[PDB]
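Colleague: The following block contains the structure, expressed as structure tokens.
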Amino acid sequence: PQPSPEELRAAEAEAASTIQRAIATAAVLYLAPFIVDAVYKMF
Amino acid sequence: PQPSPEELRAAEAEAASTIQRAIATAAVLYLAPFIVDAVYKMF
Amino acid sequence: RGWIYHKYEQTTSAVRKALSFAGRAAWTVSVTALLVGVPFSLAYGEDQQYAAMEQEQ
Amino acid sequence: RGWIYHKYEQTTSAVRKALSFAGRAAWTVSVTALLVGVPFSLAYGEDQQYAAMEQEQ
Amino acid sequence: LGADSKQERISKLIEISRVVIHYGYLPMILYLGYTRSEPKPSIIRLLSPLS
Amino acid sequence: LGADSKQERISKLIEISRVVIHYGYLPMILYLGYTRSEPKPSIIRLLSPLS
Amino acid sequence: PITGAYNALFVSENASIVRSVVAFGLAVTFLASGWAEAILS
Amino acid sequence: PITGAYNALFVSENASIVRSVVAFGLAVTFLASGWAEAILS
Amino acid sequence: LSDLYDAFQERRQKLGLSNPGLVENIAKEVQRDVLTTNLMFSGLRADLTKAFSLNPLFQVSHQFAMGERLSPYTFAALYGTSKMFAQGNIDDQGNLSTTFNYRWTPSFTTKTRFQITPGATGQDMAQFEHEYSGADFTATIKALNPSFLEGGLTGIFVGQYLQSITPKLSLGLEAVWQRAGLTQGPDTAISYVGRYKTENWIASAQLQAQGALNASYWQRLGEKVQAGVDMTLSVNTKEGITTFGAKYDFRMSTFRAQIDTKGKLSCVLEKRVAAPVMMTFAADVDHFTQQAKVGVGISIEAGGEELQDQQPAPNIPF
Amino acid sequence: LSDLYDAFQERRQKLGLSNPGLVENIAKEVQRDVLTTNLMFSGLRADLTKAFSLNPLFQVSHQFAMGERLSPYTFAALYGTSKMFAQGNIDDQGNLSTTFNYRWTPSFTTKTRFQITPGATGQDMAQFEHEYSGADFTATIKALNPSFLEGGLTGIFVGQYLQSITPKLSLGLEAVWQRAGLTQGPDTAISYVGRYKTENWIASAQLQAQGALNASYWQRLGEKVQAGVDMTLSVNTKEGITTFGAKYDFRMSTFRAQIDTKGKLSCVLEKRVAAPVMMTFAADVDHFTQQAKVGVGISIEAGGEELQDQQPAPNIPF
Ligand SMILES: C[C@@H]1CC[C@@]2(OC1)O[C@H]1C[C@H]3[C@@H]4CC=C5C[C@@H](OCCC(CO)CO)CC[C@]5(C)[C@H]4CC[C@]3(C)[C@H]1[C@@H]2C
Ligand SMILES: C[C@@H]1CC[C@@]2(OC1)O[C@H]1C[C@H]3[C@@H]4CC=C5C[C@@H](OCCC(CO)CO)CC[C@]5(C)[C@H]4CC[C@]3(C)[C@H]1[C@@H]2C
Ligand SMILES: C[C@@H]1CC[C@@]2(OC1)O[C@H]1C[C@H]3[C@@H]4CC=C5C[C@@H](OCCC(CO)CO)CC[C@]5(C)[C@H]4CC[C@]3(C)[C@H]1[C@@H]2C
Ligand SMILES: C[C@@H]1CC[C@@]2(OC1)O[C@H]1C[C@H]3[C@@H]4CC=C5C[C@@H](OCCC(CO)CO)CC[C@]5(C)[C@H]4CC[C@]3(C)[C@H]1[C@@H]2C
Ligand SMILES: C[C@@H]1CC[C@@]2(OC1)O[C@H]1C[C@H]3[C@@H]4CC=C5C[C@@H](OCCC(CO)CO)CC[C@]5(C)[C@H]4CC[C@]3(C)[C@H]1[C@@H]2C
Ligand SMILES: C[C@@H]1CC[C@@]2(OC1)O[C@H]1C[C@H]3[C@@H]4CC=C5C[C@@H](OCCC(CO)CO)CC[C@]5(C)[C@H]4CC[C@]3(C)[C@H]1[C@@H]2C
Ligand SMILES: C[C@@H]1CC[C@@]2(OC1)O[C@H]1C[C@H]3[C@@H]4CC=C5C[C@@H](OCCC(CO)CO)CC[C@]5(C)[C@H]4CC[C@]3(C)[C@H]1[C@@H]2C
Ligand SMILES: C[C@@H]1CC[C@@]2(OC1)O[C@H]1C[C@H]3[C@@H]4CC=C5C[C@@H](OCCC(CO)CO)CC[C@]5(C)[C@H]4CC[C@]3(C)[C@H]1[C@@H]2C
């Protein structure tokens with residue numbers, strides 16, 4: 001069957017949350033080399 | 001249908017006649033070079 | 001007016017047929033020249049190199 | 001008596017299976033060595049002839 | 001939400017663009033090549049396979 | 001015309017000969033070769049493909 | 001005239017026979033005339 | 001003991017996964033150990 | 001303020017990072033350089049390529065083929081420049097694949113692709129790609145069949161990011177958002193990638209969040225030999241395949257051979273039989289069925305002899 | 001009385017005749033030497049032959065194949081002598097084909113062949129051949145599956161005769177008698193053959209009394225080139241096909257190419273890639289369907305190097 005009007009909300013929200021945490025992950029990666037370097041400096 | 005008792009005779013005879021004239025043809029071929037040569041000699 | 005439109009369709013059928021034949025005929029000529037001419041040219045070309053190595057003795 | 005005949009059948013199934021595996025395993029090893037070893041040996045062998053023609057200069 | 005006339009016309013533009021791309025894209029590349037390659041080949045030689 | 005027992009036994013000989021041919025024909029050729037070829041190869045080398 | 005050459009050669013029950021006989025005759029005359037050797041040899 | 005090596009490697013739903021992981025581990029260790037170069041180079 | 005940006009970038013540059021390349025190339029050395037997968041074909045194939053110039057790059061190609069899933073004929077033309085690359089190829093059945101890449105900036109490039117099939121409505125696809133290559137990262141967004149006609153977004157949107165963490169380690173991400181139409185909810189996937197690259201060996205992994213895993217290892221076995229291993233695990237039934245292969249670079253030929261856990265053996269021999277002519281022999285063998293697929297192909301390039309004096313254009317965005 | 005036989009034979013010998021060879025070889029130069037028909041195959045094939053001696057000829061062969069109607073493996077062995085030739089070959093599925101030829105007299109030879117298929121009852125065939133080669137003729141009688149078990153003859157009996165009429169012209173005959181069993185009447189066929197053979201060209205015709213006709217023409221186009229044309233007409237529907245082809249003999253290769261009225265193009269290249277190794281490339285192209293069948297094969301002969309000192313046995317009755 002076809003989804004009801006609020007079942008689309010659940011799918012539209014769940015898809016949005018995954019993409020929001022994907023862009024959040026890319027931000028962590030961009031800042032990651034400053035973190036990885038520091039641990040080597042500590043060693 | 002299957003052949004009747006004299007229809008086999010017709011087939012058995014007709015097959016025998018073809019093979020009798022085949023061996024008769026081979027005999028003519030064996031003697032043929034003496035004939036072909038003679039025509040060349042006549043020429 | 002419609003007499004021109006019918007002629008336009010009449011042309012399209014014949015011309016599309018003509019291009020399909022010409023394209024199909026060109027393909028077979030090309031494929032034939034390739035499948036025969038490529039192995040032959042390699043075989044014939046190698047034969048000529050051996051012939052040169054004999055003449056140079 | 002029949003105990004021997006059953007054993008004869010028991011052997012035939014296992015032995016025929018063993019020969020089919022050994023024959024099938026030998027085929028794949030042979031076919032693999034041929035399909036890899038033939039083009040490689042021709043390619044590697046030609047490479048060595050060029051290497052010789054360079055060393056002879 | 002949308003507009004019926006706007007969707008009908010927008011789709012029509014896509015099929016115009018699609019037809020122009022289908023017919024005009026390769027002739028366009030050949031024109032870019034023919035007029036800017038160094039040296040410049042012949043019109044017949046431009047599509048010759050190996051001559 | 002014929003004989004039932006004679007046809008049964010004759011057919012049995014053909015299937016004996018057929019089985020002997022099926023199993024024994026290639027070993028026979030290998031025996032003829034191995035014992036009469038010059039020089040004489042090894043039993044294992046006799047069936048070696050290229051060594 | 002020309003229509004009688006097309007029908008018997010391409011759209012008749014025996015047209016396949018005619019095509020092969022013509023192809024055979026042309027190939028033999030090509031070889032036997034010496035044109036094949038002057039081109040293929 | 002040995003029976004537990006056969007079942008999980010050849011007659012189980014996940015046996016295909018196990019076979020490929022073993023084939024990957026063996027191939028990498030073959031290459032990385034230097035045995036591959038000493039044989040293939 | 002610029003006061004931070006200048007100091008921030010200076011510390012960034014001191015880390016010795018470099019551009020990690022595209023996410024789709026994270027396993028290129030195994031899957032494209034060593035393995036046979038992209039070179040395998042069956043039947044007969046002939047490519048005739050005429051190059052008319054190297055700067056701007058302009059060449060025309062005719063492909064003739066008779067084989068499994070090979071179109072009988074394909075015309076192709078390409079035009080290249082340091083700032084742009086246009087390519088088109090069309091089948092005997094009118095299927096047109098197009099490429100148009102443009103360097104808006106030395107770091108930013110847009111890639112546009114169209115697939116048009118006349119006979120079958122099929123998929124007439126438009127893919128819009130935007131790549132940014134930074135000092136130590138690359139970011140990409142792809143829009144495939146994007147639409148707002150129904151009053152809401154529709155199509156496939158792929159975001160990719162690859163970041164150099166150290167001179168050897170790069171880690172990355174790929175995210176997809178899909179909606180076939182407003183009648184259904186949007187579907188989203190995330191894939192994680194990473195690579196450790198050294199001079200002699202390269203290790204890569206691709207991890208689909210839904211369960212698939214692709215690991216690959218490449219190693220150089222001396223100057224003329226390189227080898228690689230590719231493992232794919234799907235756990236969405238459970239399926240796994242490992243492919244091991246090696247590539248040999250000779251003076252006038254390249255030989256590739258590979259075997260995989262599914263019992264398939266395949267090899268490709270590319271041989272420079274003449275100065276402009278390259279022969280290709282490809283053979284695929286399935287040991288479970290004892291069936292083989294054989295492909296013989298030739299490639300000829302008329303154009304280069306006259307144009308060798310002229311030099312290929314730098315940085316064509318292929 | 002011998003008084004006639006001596007005088008008769010003396011006149012016979014004065015005619016300058018020679019043995020015309022077998023009826024089945026009456027068109028050999030076209031159909032076997034020039035045309036590709038007997039060399040065509042598809043897929044992969046490898047033959048490994050070890051020769052253990054040349055007198056008596058003894059060699060063993062292993063064939064590996066993956067292709068259309070090619071058995072995966074075939075073991076074979078042959079033993080030859082001036083008076084006899086025994087050959088056997090067996091498939092991976094147990095199909096055994098045997099040959100046993102014996103020269104009872106320098107002019108008279110008996111050829112016995114068996115085909116045994118274990119898996120399928122199929123045809124388990126026994127063919128008994130008797131050839132006589134005279135001063136100017138050859139006569140042959142074949143018995144295939146002969147039986148008298150039902151109280152009457154059954155099977156296929158083929159008589160063949162070929163007679164040299166002049167040093168160039170030979171004419172011949174083939175007659176068949178068939179009976180599947182005493183439930184049905186015997187069936188008989190007659191075929192007429194002839195050939196005109198010169199140094200540079202050979203013409204042959206085969207005329208089935210039921211309506212089929214096969215004409216062939218062969219011509220030598222110089223020392224390295226020979227060509228031939230083969231026409232087959234069936235009028236039993238009406239069907240005709242003409243095949244034209246040429247063969248080139250190079251120092252290290254032989255190239256064959258042919259085209260026919262049914263639009264099929266095929267070529268075979270045999271190349272001596274190494275002293276014991278011969279490569280074969282075969283390609284078949286149907287221009288009506290644009291489908292190609294590609295065959296790549298190799299042949300290797302280990303045995304000959306050691307045995308070259310020894311000489312092949314004369315007149316082995318192959
Ligand atoms: C018109 C259509 C397309 C083109 C075509 O007809 C149809 O035209 C034919 C001409 C052929 C070439 C003639 C001569 C040789 C030399 C030989 O040896 C060189 C050795 C090298 C060593 O470096 C230089 O010495 C290699 C092959 C090659 C290039 C032929 C290839 C096939 C070609 C292109 C044929 C092809 C089928
Ligand atoms: C055990 C099984 C059967 C055999 C086999 O393994 C499996 O064993 C391998 C050995 C290979 C040969 C090694 C070396 C060469 C020399 C090269 O160059 C010679 C040039 C020539 C010029 O006249 C003399 O200089 C030609 C090829 C050849 C003979 C190989 C062929 C393939 C062979 C037979 C391989 C085959 C797959
Ligand atoms: C019944 C069917 C109809 C088709 C056909 O039979 C079957 O009909 C035959 C007619 C033959 C030609 C007759 C005469 C000559 C002259 C000869 O000598 C010239 C000297 C030469 C230098 O050698 C050139 O100057 C050359 C050959 C040629 C043209 C014949 C070719 C084959 C042909 C075409 C035959 C063809 C196969
Ligand atoms: C989780 C999965 C299970 C399988 C697997 O991961 C995936 O588990 C890993 C364990 C690895 C080995 C660990 C240690 C070394 C020592 C190193 O250095 C020695 C010096 C060398 C000279 O260079 C020889 O002396 C060589 C390589 C080797 C053997 C690794 C090989 C790859 C292996 C097998 C990996 C394999 C792919
Ligand atoms: C998202 C996923 C996370 C995993 C992954 O991406 C996908 O991320 C990478 C992390 C990598 C490892 C990091 C560091 C080292 C140390 C190095 O040591 C050499 C000598 C050195 C002393 O150690 C010099 O001093 C050996 C290799 C190893 C273990 C890497 C292997 C490949 C790995 C597993 C890569 C893998 C593909
Ligand atoms: C999660 C996924 C599972 C598969 C996978 O990650 C992704 O698992 C990782 C394990 C890795 C190996 C670990 C260690 C080494 C030793 C190093 O040898 C240098 C010697 C040095 C230390 O021994 C001191 O000198 C060479 C490289 C190698 C073999 C790695 C190769 C890549 C591998 C196979 C990676 C593979 C892609
Ligand atoms: C059962 C069927 C009967 C037809 C047939 O078998 C089948 O029997 C053969 C009869 C042959 C012809 C006989 C004689 C000549 C004279 C010769 O002349 C060369 C120069 C010469 C002067 O003529 C020297 O002086 C040219 C060829 C030709 C016509 C033969 C062609 C091939 C033919 C037709 C053969 C054909 C295959
Ligand atoms: C009943 C079947 C129909 C097909 C067929 O019979 C069987 O029909 C025959 C016609 C024959 C040709 C006739 C004449 C010549 C001229 C000669 O040229 C030497 C020159 C010489 C006379 O011209 C004076 O110098 C070369 C041979 C050739 C072409 C014959 C070839 C074979 C052909 C095609 C025969 C073919 C097999």
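Starting from 1 in every chain, residues are counted up; chains themselves are A, B, ... following the order of the structure tokens, and ligands are numbered from 1 as listed.
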Set the distance at 7 Å and use only C-alpha atoms: which residues neighbour segment 237-253 of chain J once local chain neighbours fewer than 5 positions away are removed? I'd like the list as a ChimeraX atom specification.
Modeller: /C:43,47 /G:13-14,16-17,20,23-24,27 /J:34-35,224-232,258-262,270-272
Colleague: Go ahead and save the picked residues with C-alpha atoms, as a PDB file, in the first residue's frame.
Modeller:
```pdb
ATOM      1  CA  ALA C  43      50.895 -12.653 -41.237  1.00  0.00           C
ATOM      2  CA  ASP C  47      56.696 -13.121 -43.574  1.00  0.00           C
TER       3      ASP C  47
ATOM      4  CA  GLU G  13      11.297 -20.150 -54.695  1.00  0.00           C
ATOM      5  CA  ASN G  14      14.277 -20.992 -56.936  1.00  0.00           C
ATOM      6  CA  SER G  16      18.484 -19.145 -54.000  1.00  0.00           C
ATOM      7  CA  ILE G  17      19.592 -21.653 -56.644  1.00  0.00           C
ATOM      8  CA  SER G  20      24.542 -19.545 -55.993  1.00  0.00           C
ATOM      9  CA  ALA G  23      28.191 -16.655 -57.607  1.00  0.00           C
ATOM     10  CA  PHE G  24      29.886 -19.898 -58.681  1.00  0.00           C
ATOM     11  CA  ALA G  27      34.130 -16.868 -58.893  1.00  0.00           C
TER      12      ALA G  27
ATOM     13  CA  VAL J  34      41.381 -24.080 -48.945  1.00  0.00           C
ATOM     14  CA  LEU J  35      38.063 -23.799 -47.096  1.00  0.00           C
ATOM     15  CA  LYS J 224      52.118 -19.317 -51.973  1.00  0.00           C
ATOM     16  CA  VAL J 225      48.407 -18.881 -52.819  1.00  0.00           C
ATOM     17  CA  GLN J 226      45.621 -21.281 -53.767  1.00  0.00           C
ATOM     18  CA  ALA J 227      41.897 -20.640 -54.053  1.00  0.00           C
ATOM     19  CA  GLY J 228      38.721 -22.602 -54.552  1.00  0.00           C
ATOM     20  CA  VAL J 229      34.985 -22.327 -55.057  1.00  0.00           C
ATOM     21  CA  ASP J 230      32.378 -24.752 -53.673  1.00  0.00           C
ATOM     22  CA  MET J 231      28.731 -24.789 -54.846  1.00  0.00           C
ATOM     23  CA  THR J 232      26.052 -26.975 -53.223  1.00  0.00           C
ATOM     24  CA  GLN J 258      36.135 -17.493 -47.113  1.00  0.00           C
ATOM     25  CA  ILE J 259      32.789 -15.888 -47.919  1.00  0.00           C
ATOM     26  CA  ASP J 260      29.576 -17.600 -49.004  1.00  0.00           C
ATOM     27  CA  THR J 261      26.219 -16.677 -50.526  1.00  0.00           C
ATOM     28  CA  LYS J 262      24.522 -17.047 -47.131  1.00  0.00           C
ATOM     29  CA  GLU J 270      47.416 -20.789 -37.922  1.00  0.00           C
ATOM     30  CA  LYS J 271      50.654 -19.330 -36.595  1.00  0.00           C
ATOM     31  CA  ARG J 272      53.874 -21.060 -35.513  1.00  0.00           C
TER      32      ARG J 272
END
```
Colleague: Could you report the residues within 9 Å of ligand 3, using only C-alpha atoms and all ligand atoms, as a PDB file with N, CA and C atoms, in the first residue's frame?
Modeller:
```pdb
ATOM      1  N   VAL G  21      24.402 -20.234 -58.337  1.00  0.00           N
ATOM      2  CA  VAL G  21      24.966 -20.579 -59.638  1.00  0.00           C
ATOM      3  C   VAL G  21      25.687 -19.380 -60.246  1.00  0.00           C
ATOM      4  N   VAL G  22      25.129 -18.181 -60.083  1.00  0.00           N
ATOM      5  CA  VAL G  22      25.794 -16.972 -60.559  1.00  0.00           C
ATOM      6  C   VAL G  22      27.063 -16.696 -59.756  1.00  0.00           C
ATOM      7  N   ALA G  23      27.003 -16.847 -58.432  1.00  0.00           N
ATOM      8  CA  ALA G  23      28.191 -16.655 -57.607  1.00  0.00           C
ATOM      9  C   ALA G  23      29.283 -17.659 -57.950  1.00  0.00           C
ATOM     10  N   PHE G  24      28.904 -18.896 -58.277  1.00  0.00           N
ATOM     11  CA  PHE G  24      29.886 -19.898 -58.681  1.00  0.00           C
ATOM     12  C   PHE G  24      30.500 -19.542 -60.024  1.00  0.00           C
ATOM     13  N   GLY G  25      29.669 -19.192 -61.002  1.00  0.00           N
ATOM     14  CA  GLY G  25      30.187 -18.808 -62.305  1.00  0.00           C
ATOM     15  C   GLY G  25      31.109 -17.604 -62.262  1.00  0.00           C
ATOM     16  N   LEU G  26      30.760 -16.596 -61.463  1.00  0.00           N
ATOM     17  CA  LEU G  26      31.607 -15.413 -61.340  1.00  0.00           C
ATOM     18  C   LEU G  26      32.927 -15.728 -60.658  1.00  0.00           C
ATOM     19  N   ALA G  27      32.900 -16.540 -59.603  1.00  0.00           N
ATOM     20  CA  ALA G  27      34.130 -16.868 -58.893  1.00  0.00           C
ATOM     21  C   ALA G  27      35.075 -17.696 -59.754  1.00  0.00           C
ATOM     22  N   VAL G  28      34.548 -18.662 -60.501  1.00  0.00           N
ATOM     23  CA  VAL G  28      35.400 -19.474 -61.363  1.00  0.00           C
ATOM     24  C   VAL G  28      35.991 -18.641 -62.491  1.00  0.00           C
ATOM     25  N   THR G  29      35.189 -17.777 -63.115  1.00  0.00           N
ATOM     26  CA  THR G  29      35.723 -16.944 -64.188  1.00  0.00           C
ATOM     27  C   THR G  29      36.733 -15.937 -63.652  1.00  0.00           C
ATOM     28  N   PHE G  30      36.536 -15.453 -62.426  1.00  0.00           N
ATOM     29  CA  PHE G  30      37.521 -14.588 -61.791  1.00  0.00           C
ATOM     30  C   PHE G  30      38.856 -15.306 -61.629  1.00  0.00           C
ATOM     31  N   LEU G  31      38.824 -16.532 -61.109  1.00  0.00           N
ATOM     32  CA  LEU G  31      40.040 -17.318 -60.940  1.00  0.00           C
ATOM     33  C   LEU G  31      40.637 -17.721 -62.281  1.00  0.00           C
ATOM     34  N   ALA G  32      39.834 -18.335 -63.148  1.00  0.00           N
ATOM     35  CA  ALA G  32      40.362 -18.910 -64.382  1.00  0.00           C
ATOM     36  C   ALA G  32      40.872 -17.865 -65.366  1.00  0.00           C
ATOM     37  N   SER G  33      40.352 -16.643 -65.319  1.00  0.00           N
ATOM     38  CA  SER G  33      40.788 -15.611 -66.252  1.00  0.00           C
ATOM     39  C   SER G  33      42.162 -15.045 -65.931  1.00  0.00           C
ATOM     40  N   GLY G  34      42.720 -15.344 -64.763  1.00  0.00           N
ATOM     41  CA  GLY G  34      43.995 -14.804 -64.357  1.00  0.00           C
ATOM     42  C   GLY G  34      43.906 -13.506 -63.592  1.00  0.00           C
ATOM     43  N   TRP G  35      42.713 -12.925 -63.485  1.00  0.00           N
ATOM     44  CA  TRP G  35      42.521 -11.710 -62.705  1.00  0.00           C
ATOM     45  C   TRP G  35      42.755 -11.941 -61.221  1.00  0.00           C
TER      46      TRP G  35
ATOM     47  N   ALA J 215      29.395 -28.961 -56.838  1.00  0.00           N
ATOM     48  CA  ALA J 215      30.462 -28.647 -57.777  1.00  0.00           C
ATOM     49  C   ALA J 215      31.537 -27.857 -57.054  1.00  0.00           C
ATOM     50  N   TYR J 217      35.695 -26.070 -57.615  1.00  0.00           N
ATOM     51  CA  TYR J 217      36.799 -25.691 -58.484  1.00  0.00           C
ATOM     52  C   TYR J 217      37.949 -25.209 -57.624  1.00  0.00           C
TER      53      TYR J 217
END
```
Colleague: Please identify the residues whose atoms come within 9 Å of ligand 5, using only C-alpha atoms and all ligand atoms, and report them as an mmCIF file with N, CA, C and O atoms, in the first residue's frame.
Modeller:
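Generated output (pocket-v1.cif):
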```
data_model
loop_
_atom_site.group_PDB
_atom_site.id
_atom_site.type_symbol
_atom_site.label_atom_id
_atom_site.label_comp_id
_atom_site.auth_asym_id
_atom_site.auth_seq_id
_atom_site.Cartn_x
_atom_site.Cartn_y
_atom_site.Cartn_z
ATOM 1 N N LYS I 168 49.647 9.383 4.624
ATOM 2 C CA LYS I 168 49.334 8.039 4.161
ATOM 3 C C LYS I 168 47.869 7.661 4.293
ATOM 4 O O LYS I 168 47.362 6.928 3.447
ATOM 5 N N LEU I 169 47.185 8.140 5.326
ATOM 6 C CA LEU I 169 45.815 7.749 5.630
ATOM 7 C C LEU I 169 44.813 8.791 5.151
ATOM 8 O O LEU I 169 44.915 9.966 5.505
ATOM 9 N N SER I 170 43.850 8.357 4.344
ATOM 10 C CA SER I 170 42.697 9.168 3.989
ATOM 11 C C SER I 170 41.425 8.450 4.416
ATOM 12 O O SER I 170 41.284 7.247 4.200
ATOM 13 N N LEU I 171 40.487 9.197 4.987
ATOM 14 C CA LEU I 171 39.191 8.668 5.379
ATOM 15 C C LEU I 171 38.102 9.466 4.680
ATOM 16 O O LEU I 171 38.261 10.658 4.427
ATOM 17 N N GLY I 172 36.977 8.822 4.393
ATOM 18 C CA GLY I 172 35.966 9.503 3.615
ATOM 19 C C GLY I 172 34.559 9.020 3.875
ATOM 20 O O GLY I 172 34.312 8.162 4.721
ATOM 21 N N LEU I 173 33.627 9.610 3.135
ATOM 22 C CA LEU I 173 32.206 9.417 3.357
ATOM 23 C C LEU I 173 31.448 9.595 2.054
ATOM 24 O O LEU I 173 31.828 10.398 1.205
ATOM 25 N N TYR I 192 31.027 4.440 4.230
ATOM 26 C CA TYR I 192 32.291 4.892 4.784
ATOM 27 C C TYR I 192 33.447 4.259 4.027
ATOM 28 O O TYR I 192 33.406 3.074 3.693
ATOM 29 N N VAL I 193 34.477 5.054 3.751
ATOM 30 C CA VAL I 193 35.640 4.595 3.008
ATOM 31 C C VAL I 193 36.891 5.047 3.737
ATOM 32 O O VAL I 193 36.869 5.954 4.567
ATOM 33 N N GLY I 194 37.989 4.386 3.419
ATOM 34 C CA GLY I 194 39.273 4.763 3.958
ATOM 35 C C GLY I 194 40.359 4.096 3.157
ATOM 36 O O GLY I 194 40.120 3.115 2.452
ATOM 37 N N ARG I 195 41.556 4.658 3.253
ATOM 38 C CA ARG I 195 42.669 4.103 2.507
ATOM 39 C C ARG I 195 43.975 4.430 3.206
ATOM 40 O O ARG I 195 44.167 5.540 3.698
ATOM 41 N N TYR I 196 44.873 3.454 3.233
ATOM 42 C CA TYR I 196 46.243 3.656 3.669
ATOM 43 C C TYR I 196 47.130 3.395 2.469
ATOM 44 O O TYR I 196 47.146 2.282 1.939
ATOM 45 N N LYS I 197 47.858 4.413 2.042
ATOM 46 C CA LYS I 197 48.657 4.335 0.836
ATOM 47 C C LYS I 197 50.116 4.595 1.160
ATOM 48 O O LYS I 197 50.455 5.618 1.757
ATOM 49 N N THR I 198 50.964 3.655 0.778
ATOM 50 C CA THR I 198 52.410 3.757 0.854
ATOM 51 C C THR I 198 52.969 3.583 -0.553
ATOM 52 O O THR I 198 52.227 3.417 -1.522
ATOM 53 N N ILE I 202 49.072 -0.503 -0.895
ATOM 54 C CA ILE I 202 47.911 0.343 -0.639
ATOM 55 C C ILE I 202 46.787 -0.534 -0.108
ATOM 56 O O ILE I 202 46.475 -1.569 -0.701
ATOM 57 N N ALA I 203 46.166 -0.117 0.990
ATOM 58 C CA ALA I 203 45.043 -0.826 1.589
ATOM 59 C C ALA I 203 43.821 0.078 1.597
ATOM 60 O O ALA I 203 43.917 1.246 1.973
ATOM 61 N N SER I 204 42.676 -0.464 1.197
ATOM 62 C CA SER I 204 41.443 0.300 1.102
ATOM 63 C C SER I 204 40.285 -0.526 1.634
ATOM 64 O O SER I 204 40.285 -1.751 1.534
ATOM 65 N N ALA I 205 39.299 0.158 2.203
ATOM 66 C CA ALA I 205 38.065 -0.482 2.629
ATOM 67 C C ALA I 205 36.891 0.430 2.330
ATOM 68 O O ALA I 205 36.983 1.647 2.491
ATOM 69 N N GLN I 206 35.789 -0.168 1.895
ATOM 70 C CA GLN I 206 34.542 0.532 1.621
ATOM 71 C C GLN I 206 33.464 -0.175 2.417
ATOM 72 O O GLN I 206 33.245 -1.374 2.234
ATOM 73 N N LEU I 207 32.780 0.556 3.278
ATOM 74 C CA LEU I 207 31.834 -0.042 4.211
ATOM 75 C C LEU I 207 30.458 0.581 4.029
ATOM 76 O O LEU I 207 30.211 1.698 4.483
ATOM 77 N N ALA I 215 36.934 -4.747 0.787
ATOM 78 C CA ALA I 215 38.317 -4.527 1.181
ATOM 79 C C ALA I 215 39.224 -4.886 0.017
ATOM 80 O O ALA I 215 38.970 -5.858 -0.697
ATOM 81 N N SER I 216 40.272 -4.097 -0.189
ATOM 82 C CA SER I 216 41.217 -4.388 -1.253
ATOM 83 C C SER I 216 42.625 -4.067 -0.786
ATOM 84 O O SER I 216 42.837 -3.190 0.049
ATOM 85 N N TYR I 217 43.585 -4.818 -1.316
ATOM 86 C CA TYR I 217 44.996 -4.649 -1.006
ATOM 87 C C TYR I 217 45.786 -4.709 -2.297
ATOM 88 O O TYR I 217 45.578 -5.611 -3.105
#
```
Colleague: Applying 12 Å and only C-alpha atoms, which residues near residue 35 of chain F remain after dropping the ones on its own chain fewer than 3 positions away? List them as a list in words.
Modeller: residues 28, 29, 30, 31, 32, 38, 39, 40, 41, 42, 43 and 46 of chain F; 52, 53, 56, 58 and 79 of chain J
Colleague: Within 8 Å of chain I, which residues of chain C show up when using only C-alpha atoms, listed as a list in words?
Modeller: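 Putting it all together, I get residues 27, 31, 34 and 42 of chain C.
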Colleague: Grab the residues selected above and save them as an mmCIF file, in the first residue's frame with N, CA and C atoms.
Modeller:
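Below is the file out_3.cif, written as the result:
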```
data_model
loop_
_atom_site.group_PDB
_atom_site.id
_atom_site.type_symbol
_atom_site.label_atom_id
_atom_site.label_comp_id
_atom_site.auth_asym_id
_atom_site.auth_seq_id
_atom_site.Cartn_x
_atom_site.Cartn_y
_atom_site.Cartn_z
ATOM 1 N N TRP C 27 28.837 -1.234 -42.770
ATOM 2 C CA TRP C 27 29.301 -2.029 -41.639
ATOM 3 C C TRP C 27 29.907 -3.351 -42.098
ATOM 4 N N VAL C 31 33.702 -4.479 -41.508
ATOM 5 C CA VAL C 31 33.970 -5.672 -40.708
ATOM 6 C C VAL C 31 34.682 -6.739 -41.532
ATOM 7 N N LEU C 34 38.312 -5.614 -42.002
ATOM 8 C CA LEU C 34 39.046 -5.760 -40.749
ATOM 9 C C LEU C 34 39.373 -7.218 -40.452
ATOM 10 N N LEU C 42 49.232 -8.835 -40.616
ATOM 11 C CA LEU C 42 50.193 -9.278 -39.618
ATOM 12 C C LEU C 42 50.952 -10.504 -40.101
#
```
